[PDB]
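Q: TSV, C-alpha atoms, saved as run.tsv, coming up:
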```tsv
chain	number	residue	atom	x	y	z
X	1	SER	CA	-11.51	-17.36	-8.99
X	2	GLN	CA	-10.93	-13.96	-7.36
X	3	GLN	CA	-13.89	-12.56	-9.32
X	4	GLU	CA	-14.52	-10.09	-6.49
X	5	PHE	CA	-10.96	-8.75	-6.78
X	6	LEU	CA	-11.44	-8.52	-10.55
X	7	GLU	CA	-14.55	-6.35	-10.28
X	8	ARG	CA	-13.06	-4.17	-7.52
X	9	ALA	CA	-9.93	-3.46	-9.54
X	10	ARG	CA	-12.00	-2.84	-12.68
X	11	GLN	CA	-14.03	-0.23	-10.80
X	12	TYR	CA	-10.87	1.32	-9.33
X	13	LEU	CA	-9.30	1.60	-12.80
X	14	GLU	CA	-12.49	3.14	-14.19
X	15	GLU	CA	-12.57	5.77	-11.46
X	16	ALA	CA	-8.84	6.45	-11.85
X	17	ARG	CA	-9.17	7.08	-15.58
X	18	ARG	CA	-12.24	9.22	-14.90
X	19	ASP	CA	-10.68	11.40	-12.18
X	20	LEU	CA	-7.15	11.53	-13.65
X	21	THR	CA	-7.62	15.27	-14.22
X	22	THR	CA	-10.19	15.84	-11.44
X	23	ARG	CA	-9.23	14.85	-7.89
X	24	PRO	CA	-6.46	13.05	-5.98
X	25	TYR	CA	-7.10	9.40	-5.21
X	26	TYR	CA	-5.59	6.27	-3.67
X	27	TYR	CA	-6.67	2.73	-4.58
X	28	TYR	CA	-5.12	-0.50	-3.34
X	29	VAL	CA	-6.37	-4.01	-4.01
X	30	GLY	CA	-4.51	-7.26	-3.39
X	31	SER	CA	-5.43	-10.94	-3.53
X	32	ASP	CA	-3.50	-14.17	-3.09
X	33	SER	CA	-4.09	-17.79	-4.07
X	34	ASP	CA	-6.20	-18.21	-0.94
X	35	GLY	CA	-8.56	-15.54	-2.30
X	36	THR	CA	-8.15	-13.08	0.59
X	37	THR	CA	-8.78	-9.72	-1.11
X	38	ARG	CA	-7.85	-6.53	0.75
X	39	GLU	CA	-8.86	-3.11	-0.56
X	40	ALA	CA	-8.01	0.47	0.33
X	41	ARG	CA	-10.03	3.29	-1.27
X	42	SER	CA	-8.42	5.75	1.18
X	43	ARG	CA	-4.75	6.49	1.78
X	44	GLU	CA	-4.44	5.56	5.46
X	45	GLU	CA	-6.39	2.35	4.79
X	46	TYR	CA	-3.25	0.75	3.33
X	47	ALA	CA	-0.62	3.27	4.46
X	48	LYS	CA	-0.36	0.79	7.34
X	49	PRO	CA	1.46	-2.17	5.70
X	50	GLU	CA	2.30	-7.38	-0.64
X	51	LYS	CA	5.37	-8.89	1.01
X	52	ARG	CA	4.68	-12.50	0.01
X	53	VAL	CA	3.70	-11.28	-3.47
X	54	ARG	CA	7.05	-9.65	-4.26
X	55	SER	CA	8.97	-12.42	-2.49
X	56	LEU	CA	7.30	-15.05	-4.67
X	57	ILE	CA	7.94	-12.86	-7.71
X	58	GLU	CA	11.67	-12.59	-7.02
X	59	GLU	CA	11.93	-16.30	-6.19
X	60	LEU	CA	10.17	-17.34	-9.41
X	61	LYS	CA	12.28	-14.97	-11.53
X	62	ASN	CA	15.45	-16.96	-10.83
X	63	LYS	CA	9.33	-24.03	-10.69
X	64	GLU	CA	7.80	-23.94	-14.18
X	65	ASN	CA	4.63	-23.05	-16.11
X	66	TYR	CA	4.72	-19.55	-14.59
X	67	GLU	CA	3.37	-16.42	-16.30
X	68	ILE	CA	4.44	-13.32	-14.36
X	69	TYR	CA	3.65	-9.72	-15.32
X	70	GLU	CA	4.38	-6.46	-13.54
X	71	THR	CA	4.19	-2.79	-14.52
X	72	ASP	CA	5.31	0.20	-12.46
X	73	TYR	CA	5.03	3.83	-13.59
X	74	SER	CA	5.99	6.38	-10.94
X	75	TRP	CA	6.71	10.08	-11.34
X	76	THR	CA	7.09	12.77	-8.68
X	77	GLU	CA	7.60	16.52	-8.97
X	78	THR	CA	8.56	18.53	-5.88
X	79	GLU	CA	8.54	22.22	-6.79
X	80	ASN	CA	7.51	25.38	-4.92
X	81	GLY	CA	7.06	23.23	-1.82
X	82	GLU	CA	4.46	21.01	-3.52
X	83	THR	CA	5.43	17.34	-3.83
X	84	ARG	CA	2.98	16.02	-6.41
X	85	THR	CA	3.55	12.25	-6.64
X	86	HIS	CA	1.87	9.69	-8.89
X	87	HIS	CA	2.35	5.94	-8.87
X	88	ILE	CA	0.76	2.97	-10.65
X	89	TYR	CA	1.79	-0.63	-9.97
X	90	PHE	CA	0.12	-3.73	-11.39
X	91	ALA	CA	1.21	-7.36	-11.16
X	92	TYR	CA	-0.15	-10.88	-11.63
X	93	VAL	CA	1.56	-14.21	-11.02
X	94	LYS	CA	0.12	-17.38	-12.56
X	95	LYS	CA	1.67	-20.75	-11.68
X	96	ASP	CA	0.55	-23.69	-13.84
X	97	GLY	CA	-2.42	-21.76	-15.17
X	98	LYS	CA	-3.49	-20.89	-11.61
X	99	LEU	CA	-3.56	-17.28	-10.42
X	100	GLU	CA	-1.31	-17.16	-7.35
X	101	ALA	CA	-1.31	-13.42	-6.57
X	102	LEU	CA	-2.70	-10.18	-7.99
X	103	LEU	CA	-1.83	-6.66	-6.86
X	104	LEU	CA	-2.88	-3.15	-7.91
X	105	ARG	CA	-1.76	0.22	-6.53
X	106	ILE	CA	-2.97	3.52	-7.98
X	107	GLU	CA	-1.97	6.79	-6.34
X	108	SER	CA	-2.44	10.42	-7.39
X	109	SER	CA	-1.67	13.32	-5.06
X	110	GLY	CA	-3.71	15.67	-7.25
X	111	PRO	CA	-5.04	16.39	-10.74
X	112	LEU	CA	-2.62	15.93	-13.61
X	113	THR	CA	-1.65	18.91	-15.76
X	114	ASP	CA	0.77	17.57	-18.39
X	115	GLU	CA	-1.19	16.48	-21.48
X	116	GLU	CA	1.58	14.02	-22.34
X	117	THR	CA	1.52	12.50	-18.85
X	118	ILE	CA	-2.29	12.44	-18.97
X	119	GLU	CA	-2.25	10.46	-22.21
X	120	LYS	CA	0.43	8.08	-20.91
X	121	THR	CA	-1.45	7.41	-17.67
X	122	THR	CA	-4.77	6.91	-19.48
X	123	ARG	CA	-3.09	4.46	-21.86
X	124	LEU	CA	-1.49	2.54	-18.99
X	125	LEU	CA	-4.73	2.34	-17.00
X	126	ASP	CA	-6.52	1.07	-20.12
X	127	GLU	CA	-3.81	-1.56	-20.62
X	128	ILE	CA	-4.21	-2.71	-17.01
X	129	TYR	CA	-7.98	-2.90	-17.52
X	130	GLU	CA	-7.55	-4.95	-20.70
X	131	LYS	CA	-5.19	-7.35	-18.92
X	132	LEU	CA	-7.58	-7.62	-15.96
X	133	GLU	CA	-10.42	-8.59	-18.30
X	134	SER	CA	-8.11	-11.32	-19.63
X	135	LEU	CA	-7.31	-12.56	-16.11
X	136	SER	CA	-10.95	-13.62	-15.61
```
If you took the structure in this file and wrote it as structure tokens, what would it be?
A:
Amino acid sequence: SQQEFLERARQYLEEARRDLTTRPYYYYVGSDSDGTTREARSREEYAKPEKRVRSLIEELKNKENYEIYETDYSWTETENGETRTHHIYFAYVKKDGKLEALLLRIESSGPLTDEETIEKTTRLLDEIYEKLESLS
């Protein structure tokens, strides 16, 4: 059922929305149809490498009853020597009403400053949370 993964990613999204304007962070969480969930609350925990997930995605894009969803918002700004990067990737694959793979990557090199980007990232994290509640 991957309920563990569900709760872990819910908590990660909560903390991301909470610390959007507070502190850098890095959250990874990935589960497959076998249920093997791997997390990474620190950067170097997953900086050492999702392959089968994207391979199955691309294969299923081009047999049936599949519901696939993926979102990826990434923006970087390298100015004055500072390379502030931010990245959010979410994706779930569901073959024949059976969750085959779920993946979440949230990454923030530091606190956000653009009000527009803050609102966009909050809205996207909330959308991912609302979808994750539906995937239970």
Q: If we count only C-alpha atoms, what is near residue 46 of chain X at a cut-off of 12 Å, once residues fewer than 2 positions away on the same chain are taken out, given as a PDB file with C-alpha atoms, in the coordinates of the input?
A:
```
ATOM      1  CA  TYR X  26      -5.590   6.270  -3.670  1.00  0.00           C
ATOM      2  CA  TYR X  27      -6.670   2.730  -4.580  1.00  0.00           C
ATOM      3  CA  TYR X  28      -5.120  -0.500  -3.340  1.00  0.00           C
ATOM      4  CA  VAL X  29      -6.370  -4.010  -4.010  1.00  0.00           C
ATOM      5  CA  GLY X  30      -4.510  -7.260  -3.390  1.00  0.00           C
ATOM      6  CA  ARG X  38      -7.850  -6.530   0.750  1.00  0.00           C
ATOM      7  CA  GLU X  39      -8.860  -3.110  -0.560  1.00  0.00           C
ATOM      8  CA  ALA X  40      -8.010   0.470   0.330  1.00  0.00           C
ATOM      9  CA  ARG X  41     -10.030   3.290  -1.270  1.00  0.00           C
ATOM     10  CA  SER X  42      -8.420   5.750   1.180  1.00  0.00           C
ATOM     11  CA  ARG X  43      -4.750   6.490   1.780  1.00  0.00           C
ATOM     12  CA  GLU X  44      -4.440   5.560   5.460  1.00  0.00           C
ATOM     13  CA  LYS X  48      -0.360   0.790   7.340  1.00  0.00           C
ATOM     14  CA  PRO X  49       1.460  -2.170   5.700  1.00  0.00           C
ATOM     15  CA  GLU X  50       2.300  -7.380  -0.640  1.00  0.00           C
ATOM     16  CA  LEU X 104      -2.880  -3.150  -7.910  1.00  0.00           C
ATOM     17  CA  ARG X 105      -1.760   0.220  -6.530  1.00  0.00           C
ATOM     18  CA  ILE X 106      -2.970   3.520  -7.980  1.00  0.00           C
ATOM     19  CA  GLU X 107      -1.970   6.790  -6.340  1.00  0.00           C
TER      20      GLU X 107
END
```
Q: Could you tell me how far atom CA of residue 54 of chain X sits from atom CA of residue 101 of chain X, in Å to one decimal place?
A: 9.5 Å
Q: Would you list the residues near (-5.0, 2.4, -15.6) (no more than 10 Å away, in the coordinates of the file, using all atoms listed in the file) as a list in words?
A: residues 9, 10, 12, 13, 14, 15, 16, 17, 18, 20, 88, 89, 90, 104, 105, 106, 120, 121, 122, 123, 124, 125, 126, 127, 128, 129 and 130 of chain X
Q: Just the residues within 8 Å of residue 68 of chain X, please, counting all atoms listed in the file, with nothing from its chain fewer than 2 positions along; format it as an NGL selection string.
A: :X and (57 or 66 or 70 or 91-94)
Q: Okay, now the selection with C-alpha atoms, as an mmCIF file, in the frame of the given file?
A:
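Final file, out.cif:
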```cif
data_model
loop_
_atom_site.group_PDB
_atom_site.id
_atom_site.type_symbol
_atom_site.label_atom_id
_atom_site.label_comp_id
_atom_site.auth_asym_id
_atom_site.auth_seq_id
_atom_site.Cartn_x
_atom_site.Cartn_y
_atom_site.Cartn_z
ATOM 1 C CA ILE X 57 7.940 -12.860 -7.710
ATOM 2 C CA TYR X 66 4.720 -19.550 -14.590
ATOM 3 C CA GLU X 70 4.380 -6.460 -13.540
ATOM 4 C CA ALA X 91 1.210 -7.360 -11.160
ATOM 5 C CA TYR X 92 -0.150 -10.880 -11.630
ATOM 6 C CA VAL X 93 1.560 -14.210 -11.020
ATOM 7 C CA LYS X 94 0.120 -17.380 -12.560
#
```
Q: Skip residue 99 of chain X itself and residues of its chain fewer than 6 positions away, then list as a count of residues only all residues within 10 Å of it, counting all atoms listed in the file.
A: 14
Q: Just add N, CA, C and O atoms to segment 34-45 of chain X and send it as an mmCIF file, in the frame of the given file.
A:
```
data_model
loop_
_atom_site.group_PDB
_atom_site.id
_atom_site.type_symbol
_atom_site.label_atom_id
_atom_site.label_comp_id
_atom_site.auth_asym_id
_atom_site.auth_seq_id
_atom_site.Cartn_x
_atom_site.Cartn_y
_atom_site.Cartn_z
ATOM 1 N N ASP X 34 -5.141 -17.856 -1.873
ATOM 2 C CA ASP X 34 -6.200 -18.210 -0.940
ATOM 3 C C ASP X 34 -7.484 -17.437 -1.224
ATOM 4 O O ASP X 34 -8.554 -17.839 -0.755
ATOM 5 N N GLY X 35 -7.401 -16.342 -1.978
ATOM 6 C CA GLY X 35 -8.560 -15.540 -2.300
ATOM 7 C C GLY X 35 -8.815 -14.381 -1.371
ATOM 8 O O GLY X 35 -9.808 -13.668 -1.561
ATOM 9 N N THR X 36 -7.960 -14.164 -0.375
ATOM 10 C CA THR X 36 -8.150 -13.080 0.590
ATOM 11 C C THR X 36 -7.852 -11.748 -0.093
ATOM 12 O O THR X 36 -6.691 -11.381 -0.291
ATOM 13 N N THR X 37 -8.905 -11.014 -0.451
ATOM 14 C CA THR X 37 -8.780 -9.720 -1.110
ATOM 15 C C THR X 37 -8.850 -8.607 -0.070
ATOM 16 O O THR X 37 -9.768 -8.582 0.757
ATOM 17 N N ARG X 38 -7.882 -7.697 -0.114
ATOM 18 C CA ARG X 38 -7.850 -6.530 0.750
ATOM 19 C C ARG X 38 -7.837 -5.277 -0.111
ATOM 20 O O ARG X 38 -7.037 -5.167 -1.045
ATOM 21 N N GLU X 39 -8.717 -4.341 0.206
ATOM 22 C CA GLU X 39 -8.860 -3.110 -0.560
ATOM 23 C C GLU X 39 -8.454 -1.925 0.297
ATOM 24 O O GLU X 39 -8.279 -2.033 1.514
ATOM 25 N N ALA X 40 -8.325 -0.776 -0.369
ATOM 26 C CA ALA X 40 -8.010 0.470 0.330
ATOM 27 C C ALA X 40 -8.359 1.644 -0.596
ATOM 28 O O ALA X 40 -7.512 2.115 -1.358
ATOM 29 N N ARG X 41 -9.602 2.122 -0.496
ATOM 30 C CA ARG X 41 -10.030 3.290 -1.270
ATOM 31 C C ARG X 41 -9.515 4.598 -0.682
ATOM 32 O O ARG X 41 -9.549 5.627 -1.368
ATOM 33 N N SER X 42 -9.032 4.588 0.553
ATOM 34 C CA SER X 42 -8.420 5.750 1.180
ATOM 35 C C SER X 42 -6.931 5.502 1.378
ATOM 36 O O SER X 42 -6.444 4.371 1.293
ATOM 37 N N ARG X 43 -6.204 6.585 1.653
ATOM 38 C CA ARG X 43 -4.750 6.490 1.780
ATOM 39 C C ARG X 43 -4.357 5.722 3.031
ATOM 40 O O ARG X 43 -3.642 4.715 2.959
ATOM 41 N N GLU X 44 -4.823 6.178 4.195
ATOM 42 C CA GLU X 44 -4.440 5.560 5.460
ATOM 43 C C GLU X 44 -5.012 4.157 5.624
ATOM 44 O O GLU X 44 -4.689 3.490 6.613
ATOM 45 N N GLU X 45 -5.856 3.702 4.695
ATOM 46 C CA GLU X 45 -6.390 2.350 4.790
ATOM 47 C C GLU X 45 -5.326 1.309 4.489
ATOM 48 O O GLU X 45 -5.355 0.212 5.058
#
```
